[PDB]
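Structure below is my_file30.pdb: PDB, C-alpha atoms and all ligand atoms.
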ATOM      1  CA  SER A   1       7.476  27.659   7.468  1.00  0.00           C
ATOM      2  CA  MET A   2      10.972  28.556   6.251  1.00  0.00           C
ATOM      3  CA  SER A   3      13.538  26.918   8.578  1.00  0.00           C
ATOM      4  CA  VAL A   4      10.723  25.725  10.892  1.00  0.00           C
ATOM      5  CA  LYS A   5      10.466  21.971  10.412  1.00  0.00           C
ATOM      6  CA  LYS A   6       7.565  19.876  11.543  1.00  0.00           C
ATOM      7  CA  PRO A   7       8.477  16.361  12.705  1.00  0.00           C
ATOM      8  CA  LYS A   8       7.652  13.999   9.857  1.00  0.00           C
ATOM      9  CA  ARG A   9       6.942  10.288   9.879  1.00  0.00           C
ATOM     10  CA  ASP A  10       9.401   7.744   8.553  1.00  0.00           C
ATOM     11  CA  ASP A  11       8.098   6.974   5.056  1.00  0.00           C
ATOM     12  CA  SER A  12      10.827   4.599   3.852  1.00  0.00           C
ATOM     13  CA  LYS A  13       8.402   1.657   4.176  1.00  0.00           C
ATOM     14  CA  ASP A  14       5.504   3.346   2.379  1.00  0.00           C
ATOM     15  CA  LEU A  15       6.135   1.928  -1.098  1.00  0.00           C
ATOM     16  CA  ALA A  16       6.438  -1.627   0.234  1.00  0.00           C
ATOM     17  CA  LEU A  17       3.300  -1.239   2.379  1.00  0.00           C
ATOM     18  CA  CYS A  18       1.163   0.216  -0.436  1.00  0.00           C
ATOM     19  CA  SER A  19       2.299  -2.652  -2.646  1.00  0.00           C
ATOM     20  CA  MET A  20       1.258  -5.189  -0.015  1.00  0.00           C
ATOM     21  CA  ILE A  21      -2.130  -3.509   0.484  1.00  0.00           C
ATOM     22  CA  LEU A  22      -2.687  -3.424  -3.276  1.00  0.00           C
ATOM     23  CA  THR A  23      -1.793  -7.115  -3.540  1.00  0.00           C
ATOM     24  CA  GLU A  24      -4.467  -7.900  -0.965  1.00  0.00           C
ATOM     25  CA  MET A  25      -6.953  -5.862  -3.001  1.00  0.00           C
ATOM     26  CA  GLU A  26      -5.987  -7.653  -6.205  1.00  0.00           C
ATOM     27  CA  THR A  27      -6.462 -11.096  -4.577  1.00  0.00           C
ATOM     28  CA  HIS A  28      -9.843 -10.352  -2.941  1.00  0.00           C
ATOM     29  CA  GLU A  29     -12.643 -12.345  -4.557  1.00  0.00           C
ATOM     30  CA  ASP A  30     -14.699  -9.184  -5.243  1.00  0.00           C
ATOM     31  CA  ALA A  31     -11.779  -7.454  -7.009  1.00  0.00           C
ATOM     32  CA  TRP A  32     -12.794  -8.714 -10.465  1.00  0.00           C
ATOM     33  CA  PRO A  33     -14.680  -5.533 -11.534  1.00  0.00           C
ATOM     34  CA  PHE A  34     -11.534  -3.467 -10.884  1.00  0.00           C
ATOM     35  CA  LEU A  35      -8.575  -5.551 -12.089  1.00  0.00           C
ATOM     36  CA  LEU A  36      -8.523  -4.049 -15.614  1.00  0.00           C
ATOM     37  CA  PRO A  37      -9.659  -0.753 -17.174  1.00  0.00           C
ATOM     38  CA  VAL A  38     -13.298  -0.396 -18.160  1.00  0.00           C
ATOM     39  CA  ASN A  39     -13.346  -1.017 -21.919  1.00  0.00           C
ATOM     40  CA  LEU A  40     -14.314   2.473 -23.071  1.00  0.00           C
ATOM     41  CA  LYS A  41     -15.351   1.140 -26.504  1.00  0.00           C
ATOM     42  CA  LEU A  42     -17.699  -1.585 -25.219  1.00  0.00           C
ATOM     43  CA  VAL A  43     -19.385   0.124 -22.241  1.00  0.00           C
ATOM     44  CA  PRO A  44     -21.865   2.830 -23.332  1.00  0.00           C
ATOM     45  CA  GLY A  45     -21.646   6.111 -21.455  1.00  0.00           C
ATOM     46  CA  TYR A  46     -18.534   5.294 -19.434  1.00  0.00           C
ATOM     47  CA  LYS A  47     -16.038   7.528 -21.243  1.00  0.00           C
ATOM     48  CA  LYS A  48     -18.472  10.452 -21.264  1.00  0.00           C
ATOM     49  CA  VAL A  49     -19.695  10.098 -17.657  1.00  0.00           C
ATOM     50  CA  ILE A  50     -16.469   8.987 -15.912  1.00  0.00           C
ATOM     51  CA  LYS A  51     -13.905  11.786 -16.303  1.00  0.00           C
ATOM     52  CA  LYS A  52     -11.012   9.977 -14.550  1.00  0.00           C
ATOM     53  CA  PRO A  53     -11.221   6.197 -15.023  1.00  0.00           C
ATOM     54  CA  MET A  54      -9.003   4.158 -12.732  1.00  0.00           C
ATOM     55  CA  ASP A  55      -8.400   0.488 -11.947  1.00  0.00           C
ATOM     56  CA  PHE A  56      -6.061  -1.720  -9.916  1.00  0.00           C
ATOM     57  CA  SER A  57      -3.758  -2.605 -12.826  1.00  0.00           C
ATOM     58  CA  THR A  58      -3.214   1.070 -13.617  1.00  0.00           C
ATOM     59  CA  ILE A  59      -2.511   1.766  -9.942  1.00  0.00           C
ATOM     60  CA  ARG A  60      -0.083  -1.173  -9.927  1.00  0.00           C
ATOM     61  CA  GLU A  61       1.685   0.228 -12.995  1.00  0.00           C
ATOM     62  CA  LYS A  62       1.934   3.727 -11.491  1.00  0.00           C
ATOM     63  CA  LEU A  63       3.200   2.296  -8.201  1.00  0.00           C
ATOM     64  CA  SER A  64       5.884   0.241 -10.017  1.00  0.00           C
ATOM     65  CA  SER A  65       7.171   3.291 -11.958  1.00  0.00           C
ATOM     66  CA  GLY A  66       7.366   5.933  -9.216  1.00  0.00           C
ATOM     67  CA  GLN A  67       4.299   7.882 -10.280  1.00  0.00           C
ATOM     68  CA  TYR A  68       3.000   8.327  -6.719  1.00  0.00           C
ATOM     69  CA  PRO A  69       4.794  11.125  -4.832  1.00  0.00           C
ATOM     70  CA  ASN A  70       3.367   9.975  -1.489  1.00  0.00           C
ATOM     71  CA  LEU A  71       0.950   7.482   0.032  1.00  0.00           C
ATOM     72  CA  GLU A  72      -1.801  10.130  -0.001  1.00  0.00           C
ATOM     73  CA  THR A  73      -1.836  10.270  -3.799  1.00  0.00           C
ATOM     74  CA  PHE A  74      -1.967   6.459  -3.829  1.00  0.00           C
ATOM     75  CA  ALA A  75      -5.056   6.428  -1.607  1.00  0.00           C
ATOM     76  CA  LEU A  76      -6.593   9.043  -3.914  1.00  0.00           C
ATOM     77  CA  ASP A  77      -6.385   6.674  -6.890  1.00  0.00           C
ATOM     78  CA  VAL A  78      -7.746   3.758  -4.866  1.00  0.00           C
ATOM     79  CA  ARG A  79     -10.706   5.845  -3.709  1.00  0.00           C
ATOM     80  CA  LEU A  80     -11.213   7.004  -7.305  1.00  0.00           C
ATOM     81  CA  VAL A  81     -11.839   3.372  -8.351  1.00  0.00           C
ATOM     82  CA  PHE A  82     -14.682   3.041  -5.838  1.00  0.00           C
ATOM     83  CA  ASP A  83     -16.057   6.548  -6.446  1.00  0.00           C
ATOM     84  CA  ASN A  84     -16.281   5.878 -10.183  1.00  0.00           C
ATOM     85  CA  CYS A  85     -17.927   2.567  -9.277  1.00  0.00           C
ATOM     86  CA  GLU A  86     -20.586   4.279  -7.162  1.00  0.00           C
ATOM     87  CA  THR A  87     -21.211   6.887  -9.855  1.00  0.00           C
ATOM     88  CA  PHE A  88     -21.940   4.327 -12.564  1.00  0.00           C
ATOM     89  CA  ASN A  89     -23.342   1.239 -10.809  1.00  0.00           C
ATOM     90  CA  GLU A  90     -26.438   0.649  -8.695  1.00  0.00           C
ATOM     91  CA  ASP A  91     -25.691  -0.183  -5.050  1.00  0.00           C
ATOM     92  CA  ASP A  92     -27.594  -3.462  -5.346  1.00  0.00           C
ATOM     93  CA  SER A  93     -25.799  -4.626  -8.483  1.00  0.00           C
ATOM     94  CA  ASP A  94     -23.019  -7.189  -8.275  1.00  0.00           C
ATOM     95  CA  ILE A  95     -20.417  -4.623  -9.367  1.00  0.00           C
ATOM     96  CA  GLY A  96     -22.001  -1.945  -7.178  1.00  0.00           C
ATOM     97  CA  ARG A  97     -21.890  -4.098  -4.058  1.00  0.00           C
ATOM     98  CA  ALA A  98     -18.358  -5.212  -4.969  1.00  0.00           C
ATOM     99  CA  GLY A  99     -17.202  -1.601  -4.781  1.00  0.00           C
ATOM    100  CA  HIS A 100     -18.741  -1.029  -1.355  1.00  0.00           C
ATOM    101  CA  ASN A 101     -17.187  -4.266  -0.069  1.00  0.00           C
ATOM    102  CA  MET A 102     -13.820  -3.432  -1.663  1.00  0.00           C
ATOM    103  CA  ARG A 103     -13.891   0.127  -0.338  1.00  0.00           C
ATOM    104  CA  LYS A 104     -14.483  -1.095   3.213  1.00  0.00           C
ATOM    105  CA  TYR A 105     -11.727  -3.697   2.876  1.00  0.00           C
ATOM    106  CA  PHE A 106      -9.258  -1.006   1.754  1.00  0.00           C
ATOM    107  CA  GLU A 107     -10.105   1.566   4.409  1.00  0.00           C
ATOM    108  CA  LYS A 108      -9.626  -1.062   7.128  1.00  0.00           C
ATOM    109  CA  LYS A 109      -6.223  -2.074   5.735  1.00  0.00           C
ATOM    110  CA  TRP A 110      -5.322   1.604   5.391  1.00  0.00           C
ATOM    111  CA  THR A 111      -6.159   2.278   9.036  1.00  0.00           C
ATOM    112  CA  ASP A 112      -4.567  -0.919  10.317  1.00  0.00           C
ATOM    113  CA  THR A 113      -1.350  -0.182   8.396  1.00  0.00           C
ATOM    114  CA  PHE A 114      -0.757   3.566   8.716  1.00  0.00           C
ATOM    115  CA  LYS A 115      -2.933   4.659  11.633  1.00  0.00           C
ATOM    116  CA  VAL A 116      -2.449   1.182  13.259  1.00  0.00           C
TER     117      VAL A 116
HETATM  118  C1  LIG A 201     -18.753  -8.782 -20.436  1.00  0.00           C
HETATM  119  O1  LIG A 201     -19.254  -8.178 -19.273  1.00  0.00           O
HETATM  120  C2  LIG A 201     -18.282  -7.698 -18.388  1.00  0.00           C
HETATM  121  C3  LIG A 201     -18.600  -7.492 -17.051  1.00  0.00           C
HETATM  122  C4  LIG A 201     -17.638  -7.015 -16.176  1.00  0.00           C
HETATM  123  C5  LIG A 201     -16.357  -6.745 -16.637  1.00  0.00           C
HETATM  124  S1  LIG A 201     -15.092  -6.119 -15.493  1.00  0.00           S
HETATM  125  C6  LIG A 201     -14.364  -4.582 -16.131  1.00  0.00           C
HETATM  126  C7  LIG A 201     -15.384  -3.462 -15.952  1.00  0.00           C
HETATM  127  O2  LIG A 201     -15.724  -2.837 -16.894  1.00  0.00           O
HETATM  128  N1  LIG A 201     -15.934  -3.172 -14.634  1.00  0.00           N
HETATM  129  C8  LIG A 201     -16.920  -2.113 -14.432  1.00  0.00           C
HETATM  130  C9  LIG A 201     -18.058  -1.902 -15.205  1.00  0.00           C
HETATM  131  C10 LIG A 201     -18.720  -0.794 -14.676  1.00  0.00           C
HETATM  132  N2  LIG A 201     -18.006  -0.354 -13.610  1.00  0.00           N
HETATM  133  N3  LIG A 201     -16.908  -1.178 -13.492  1.00  0.00           N
HETATM  134  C11 LIG A 201     -15.887  -1.038 -12.465  1.00  0.00           C
HETATM  135  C12 LIG A 201     -19.998  -0.535 -15.514  1.00  0.00           C
HETATM  136  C13 LIG A 201     -20.192  -1.778 -16.374  1.00  0.00           C
HETATM  137  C14 LIG A 201     -18.837  -2.439 -16.413  1.00  0.00           C
HETATM  138  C15 LIG A 201     -16.039  -6.951 -17.969  1.00  0.00           C
HETATM  139  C16 LIG A 201     -17.001  -7.426 -18.843  1.00  0.00           C
END

If you took the structure in this file and wrote it as C-alpha cells, what would it be?
Ligand SMILES: COc1ccc(SCC(=O)Nc2c3c(nn2C)CCC3)cc1
Amino acid sequence: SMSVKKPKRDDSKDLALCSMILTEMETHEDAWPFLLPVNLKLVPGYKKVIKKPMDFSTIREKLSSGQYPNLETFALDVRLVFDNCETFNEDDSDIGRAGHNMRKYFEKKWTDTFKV
C-alpha cells in the first residue's frame, strides 16, 4: 500500500530474456504455423471466430518497440497464440499438434528462465 513497498525482483534482464526465449520459439521446427499472421482474407471464419489474432512476428515487433510493460503481458501474448490455435484447429491436425508442442516448449523455457 502507500509507502509500504514489497520487495520486487530485478527485472533489468527481462527484455533480453524474453527476446532469447522468443528466438528459440521462432527457430523451433514446429513454429511455422505461428511465424506470420493468419491471412484473414484467405482463411474462412478466422476473423469472425478469433477475436484477438496473434503470432510470433507481431510479438517480436511489439517486443522491439516497447509495447510490453512487463514480462507478464509478454507471456499473455504468447499464450494467446496457442489458445487461438486450440480454438480453431483440431488437436490431431498438424497445426493443432504444433500448438500443443510449441506451448509445452514455451512453458518449460518460461519456468527454466524465470522460476529457474
Ligand atoms: C496455404 O496453406 C497454408 C497453411 C499454413 C499457413 S501458416 C499461417 C497460418 O495461417 N497458421 C494457422 C492457420 C490456422 N491456425 N493457424 C495458426 C487455421 C488454418 C491456418 C499458411 C498457408

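With only C-alpha atoms as the basis for measurement, A:21 is the residue among A:21, A:88, A:2, A:10 that approaches residue 112 (chain A) most closely.
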
**OP:** Can you tell me which residues come within 12 Å of ligand LIG 201 (chain A) when counting all atoms listed in the file, ideally as an MDAnalysis selection string?
**Re:** chainID A and resid 30:47 49:50 53:57 80:91 93:100 102

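Across A:5, A:64, A:105, A:92, the tightest approach to residue 27 (chain A) is made by A:105 when counting only C-alpha atoms.
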
I'd like the residues picked by the PyMOL selection byres (((chain A and resi 71-76) around 9) and not hetatm) written out as a tab-separated table (two decimals) with C-alpha atoms, keeping the file's coordinate frame, using the chain letters and numbers from the file.
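New file part26.tsv:
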chain	number	residue	atom	x	y	z
A	11	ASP	CA	8.10	6.97	5.06
A	14	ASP	CA	5.50	3.35	2.38
A	15	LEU	CA	6.14	1.93	-1.10
A	18	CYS	CA	1.16	0.22	-0.44
A	59	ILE	CA	-2.51	1.77	-9.94
A	63	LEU	CA	3.20	2.30	-8.20
A	68	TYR	CA	3.00	8.33	-6.72
A	69	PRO	CA	4.79	11.12	-4.83
A	70	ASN	CA	3.37	9.98	-1.49
A	77	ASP	CA	-6.38	6.67	-6.89
A	78	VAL	CA	-7.75	3.76	-4.87
A	79	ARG	CA	-10.71	5.84	-3.71
A	80	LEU	CA	-11.21	7.00	-7.30
A	81	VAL	CA	-11.84	3.37	-8.35
A	110	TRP	CA	-5.32	1.60	5.39

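The interatomic distance for the pair CA of residue 113 (chain A) and CA of residue 1 (chain A) works out to 29.2 Å.
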
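Straight-line separation from CA of residue 101 (chain A) to CA of residue 25 (chain A): 10.8 Å.
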
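Taking CA of residue 22 (chain A) and CA of residue 109 (chain A) as the two end points, the separation is 9.8 Å.
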